[PDB]
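J.:
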Ligand SMILES: O=C(CC[C@@H](c1ccccc1)P(=O)(O)O)N(O)CCCc1ccccc1
Ligand SMILES: O=C(CC[C@@H](c1ccccc1)P(=O)(O)O)N(O)CCCc1ccccc1
Ligand SMILES: [Ca+2]
Ligand SMILES: [Ca+2]
Ligand SMILES: [Ca+2]
Ligand SMILES: [Mn+2]
Ligand SMILES: [Mn+2]
């Protein structure tokens with residue numbers, strides 16, 4: 076019987092990849108009902124999607140375009156959706172008994188907030204937003220212990236890969252973000268594969284002078300600017316190291332970053348017997364998104380089969396921490412624990428955007444982050460969920476301000 | 076609590092690797108009990124193993140070395156094993172209530188009979204003898220349908236790999252050699268990895284000249300002569316294609332042989348969504364053997380962790396069927412069904428031995444096997460288990476004789 080899905084951020088990359096794979100899978104067999112779509116402010120794309128999927132719910136965050144949506148929707152004949160606005164509309168979707176699975180494809184406050192509401196309503200939450208896990212991992216873990224039937228299923232490609240390598244008979248005795256997930260699943264170590272970004276062959280001298288244009292003009296996957304800069308510094312991978320720690324409870328000393336430039340093996344799991352299982356496919360966000368929606372089952376697709384003999388050659392090498400010091404900073408913050416990951420994420424948000432806007436240089440990114448981390452002091456971690464969310468927000472804002480102050484002091 | 080194990084073929088490659096990993100796993104805790112050791116005739120080696128492991132049962136096939144074994148074992152103080160012989164001894168071990176799992180590391184008839192008795196006693200059978208599956212696959216399927224608590228767990232490295240790639244939550248709802256195994260496991264296709272053997276890069280003119288000495292001196296792994304020659308002709312992979320079909324109920328058109336000369340990825344499974352899972356490690360029979368004894372759990376080993384950066388490069392290519400025609404013969408025999416696999420296996424046993432002994436040339440191997448296949452006339456499959464076994468043995472003998480007659484004629 077059907078899989079009832081809501082997509083939060085339906086016009087973004089995750090959202091459209093999700094609708095695409097749902098559409099194709101549904102051509103083969105009708106398994107998916109799209110029950111809700113939520114967008115920030117892209118009222119026109121949202122209308123086109125509603126015309127096609129006819130969800131029970133439409134919600135737009137920006138009440139300024141609220142009226143226009145209602146107007147556009149009247150054209151669709153035989154169609155009376157519940158049309159909502161803002162955070163209240165998001166809460167209403169997450170509390171719907173009609174909805175089983177929620178795809179979070181938005182960033183920032185909206186992304187953490189909608190994750191939280193989806194967890195509080197005991198839903199299966201398909202989560203691509205690695206910054207929410209890195210910054211607010213303690214809050215999510217706490218929430219997932221309150222709301223026992225809620226589950227986060229990883230969509231970030233490497234984390235999906237890890238999850239796909241597992242025996243569901245063991246996964247189902249635990250869940251992601253739980254202490255002891257790795258022990259229950261007999262996980263010893265993770266190989267976290269990376270594209271390596273555009274700068275793997277550059278020298279230190281070259282890196283000293285690279286620009287955001289260099290990072291953006293020739294990326295490894297056509298993506299948003301921020302994640303593109305993170306891929307270039309390998310701070311994306313550093314964030315994904317912490318994401319691996321929180322999702323799977325794997326110790327930092329058991330997470331190894333490996334540069335796999337062909338981007339066919341998506342990541343690998345070493346079990347306690349030293350057997351290694353890996354997941355592989357062409358680079359394509361459809362498989363991670365689909366698995367998040369079908370887990371613990373798989374359904375038929377019409378995706379192109381992997382031609383291993385055509386790919387011919389897979390390569391692996393260790394990243395240089397001297398060339399990609401952001402990786403080292405992520406491990407440092409992770410190992411220190413506490414709210415240092417919150418600080419790392421927030422400070423990187425600022426330093427990333429400074430580099431993007433040509434205000435600092437490549438090695439200034441890691442210098443700023445490093446100086447912010449050094450200025451933080453560990454905080455008593457609140458046992459109360461409300462207080463803990465407030466701590467995370469306060470530390471997040473402090474850390475962004477601190478990064479900005481460090482930039483302005485030097486500049 | 077301990078897992079009680081019998082090893083059939085304790086002094087061969089599988090048996091010694093089995094005892095090696097059991098010994099390491101038993102250092103602190105009693106994880107396994109070695110209850111029984113069986114060999115064909117290596118009484119001196121068996122005695123050394125008995126001294127260490129003190130099994131309840133010893134068994135030798137060759138009755139002519141019984142008195143020798145009895146005299147050796149006298150030297151072991153306060154040890155009173157049950158010392159058995161031949162097929163009757165195999166039956167008594169397989170029947171013992173004190174034995175849970177049986178490792179079959181012997182070939183030919185002793186391998187088939189021991190497998191059969193293990194199944195008849197509803198044991199877990201860790202099967203490394205692929206020829207039994209190829210020659211007697213439908214008979215084993217029939218037996219497994221009668222003896223509903225017996226399970227075959229694959230130990231052949233590539234088939235262990237396939238098995239490990241599956242999701243045990245689905246595996247537990249079926250069993251190897253059971254109709255519908257691939258449907259239940261959402262299997263679409265198999266990538267069956269091969270070393271390629273010593274002759275993989277030879278031209279056709281060079282290949283015409285190869286000898287058994289060439290195959291034996293530069294092998295891809297240190298192993299028995301028979302399998303080394305099959306690795307060189309890629310008849311080993313052909314046999315493994317049929318093994319794949321029977322174990323996993325995967326159609327022949329969905330099994331793709333891939334030459335992966337690094338021998339790190341052991342095989343891969345494509346599921347119906349087109350996601351591919353693979354299993355990898357250094358070549359080492361310990362992981363396949365251990366997993367067959369621990370499945371569906373895993374236990375800690377002290378094996379060297381895979382260093383993928385050090386490996387650095389993995390390669391994949393299609394084998395040339397003009398150079399390795401034994402592969403094509405195996406697909407043809409398998410697709411024909413009936414007793415064509417029995418005939419394939421039996422004719423190969425002769426042709427391999429002829430080549431080993433310098434009596435025929437490389438392309439004569441596939442020529443003889445092809446001629447025996449063409450000569451065989453399909454037979455109605457006996458419905459009775461005992462009748463079917465008799466039919467198998469008859470056709471096996473016929474095909475060896477026919478192969479010999481063909482060699483004799485063109486000599
Ligand atoms: O986090 C990201 C983006 C950055 C990383 C990457 C990985 C593969 C290609 C290019 C870039 P990095 O450079 O940090 O290794 N991703 O998860 C890939 C999304 C696209 C994708 C790739 C493989 C499988 C499915 C989807
Ligand atoms: O059937 C065999 C022997 C023959 C094949 C092979 C494969 C890898 C190296 C050498 C030879 P083929 O040449 O037919 O591909 N085997 O299962 C490998 C046993 C050794 C082994 C290898 C990998 C993992 C664990 C154990
Ligand atoms: Ca004697
Ligand atoms: Ca598995
Ligand atoms: Ca098919
Ligand atoms: Mn990623
Ligand atoms: Mn093999």
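Chains as they are written, first to last, in the deposited numbering: chain A, 76 to 486; chain B, 76 to 486. Every residue, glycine too, gets a C-beta built ideally from N, C-alpha and C.
Note down, in chain order, every chain B residue with its Cβ under 8 Å from the Cβ of residue 373 of chain A.
T.: 261, 346, 347, 348 and 350
J.: Is the beta carbon of residue 363 of chain A within less than 8 Å of some heavy atom of ligand 1?
T.: yes
J.: Using 9 Å as the threshold, is the C-beta distance between residue 321 of chain A and residue 252 of chain A below it?
T.: yes
J.: Please identify, using Cβ separations under 8 Å, the residues of the segment 385-398 of chain A that lie next to chain B, in order along the chain.
T.: Contacts with chain B (Cβ-Cβ distance below 8 Å) from the segment 385-398 of chain A involve 386, 387, 388, 389, 390, 391, 392 and 393, listed in chain order.
J.: Starting from residue 344 of chain B, follow its DSSP beta bridges and name the residues at the other end.
T.: B:265 and B:352
J.: Just tell me which of B:472, B:79 and B:277 has its CA closest to the CA of residue 109 of chain B.
T.: B:79
J.: In the DSSP assignment, what residue or residues form a beta bridge with residue 215 of chain B?
T.: Answer by DSSP bridge pairing: none, since residue 215 of chain B is not bridged.
J.: With a threshold of 8 Å, establish whether the CB of residue 359 of chain A neighbours any heavy atom of ligand 1.
T.: yes
J.: Between which two residues does the alpha helix (DSSP H) carrying residue 110 of chain B extend?
T.: Unbroken run through residue 110 of chain B is the beta strand (DSSP E), 107-114; no alpha helix (DSSP H).
J.: Does residue 275 of chain A get closer than 9 Å to chain B when you measure Cβ to Cβ?
T.: Cβ-Cβ to chain B under 9 Å: no for residue 275 of chain A.
J.: Measure from the C-beta of residue 269 of chain A to each C-beta in chain B and report whether the shortest distance is under 9 Å.
T.: no
J.: Name the residue from B:213, B:244 and B:310 whose alpha carbon lies nearest to the alpha carbon of residue 466 of chain B.
T.: B:213
J.: Where DSSP assigns a beta bridge to residue 34 of chain A, which residues make up the other side?
T.: Since the first residue shown for chain A is 76 and the last is 486, residue 34 of chain A is missing from the structure and cannot be characterised.
J.: Can you name, in chain order, every residue of its own chain whose Cβ lies under 6 Å from the Cβ of residue 444 of chain B, other than the five neighbours on each side?
T.: 404, 422, 423 and 426
J.: Which runs of the beta strand (DSSP E) at least 3 residues long sit entirely within the segment 381-425 of chain A? Give them in chain order.
T.: 388-390
J.: So which residues touch the region around ligand 7, with touch meaning a C-beta under 5 Å from any heavy atom?
T.: B:231, B:232 and B:233
J.: Give me the Cα-Cα distance between residue 95 of chain B and residue 87 of chain B, rounded to the nearest whole angstrom.
T.: The straight-line gap from Cα to Cα measures roughly 12 Å.
J.: Where does residue 252 of chain A sit, in a helix, a strand or coil, going by DSSP?
T.: coil
J.: Could you tell me which residues DSSP puts in a beta bridge with residue 202 of chain B?
T.: B:179 and B:229
J.: Verify the contact flag: residue 420 of chain A, CB atom, against every heavy atom of ligand 1, threshold strictly below 8 Å.
T.: no
J.: With a 10 Å radius around its C-beta and 16 neighbouring C-beta atoms as the bar for buried, classify residue 98 of chain A as buried or exposed.
T.: exposed
J.: Run through DSSP, which three-state label would residue 128 of chain A get?
T.: helix
J.: My output table needs one value for residue 331 of chain A: the three-state DSSP class, helix, strand or coil.
T.: Correct three-state label for residue 331 of chain A: strand.
J.: If you count every other CB in all the chains shown that lies within 10 Å of the CB of residue 191 of chain B, and 16 or more means buried, which is it?
T.: buried
J.: Drop a sphere of 10 angstroms on the beta-carbon of residue 334 of chain A, count the other beta-carbons inside from all chains shown, and report buried for 16 or more, exposed for fewer.
T.: buried
J.: Would you tell me roughly how many angstroms separate the C-alpha atoms of residue 324 of chain A and residue 260 of chain A, rounded to the nearest one?
T.: 10 Å
J.: Taking any Cβ of chain B, which residues in the segment 353-369 of chain A have a Cβ under 8 Å from it, in chain order?
T.: 353, 354, 355, 356, 362, 365, 366 and 369
J.: Which two residues bound the contiguous beta strand (DSSP E) that contains residue 79 of chain A?
T.: 78-83
J.: What does residue 240 of chain B reach in chain A if we use C-beta pairs closer than 7 Å?
T.: 352
J.: Residues in the same chain with beta-carbon distance under 7 Å from residue 346 of chain B, minus the five sequence neighbours each way, listed in chain order, please.
T.: 261, 262 and 263
J.: Closer than 8 Å by C-beta to residue 406 of chain B: which residues in its own chain qualify, once you throw out the five before and the five after it? Chain order, please.
T.: Correct list, in chain order: 313, 316 and 327.
J.: Does the beta carbon of residue 244 of chain B come closer than 9 Å to any beta carbon on chain A?
T.: yes
J.: For a quick check, are the C-beta atoms of residue 226 of chain A and residue 243 of chain B less than 9 Å apart?
T.: no
J.: Identify whether residue 270 of chain A lies in helix, strand or coil by the three-state DSSP scheme.
T.: coil
J.: Relative to the C-alpha of residue 250 of chain A, which residue among A:228, A:83, A:277 and A:198 is closest?
T.: A:228
J.: Ordered along the chain, which non-local residues of its own chain (more than five positions away) have a Cβ less than 7 Å from that of residue 478 of chain B?
T.: 422, 425, 426, 443 and 447
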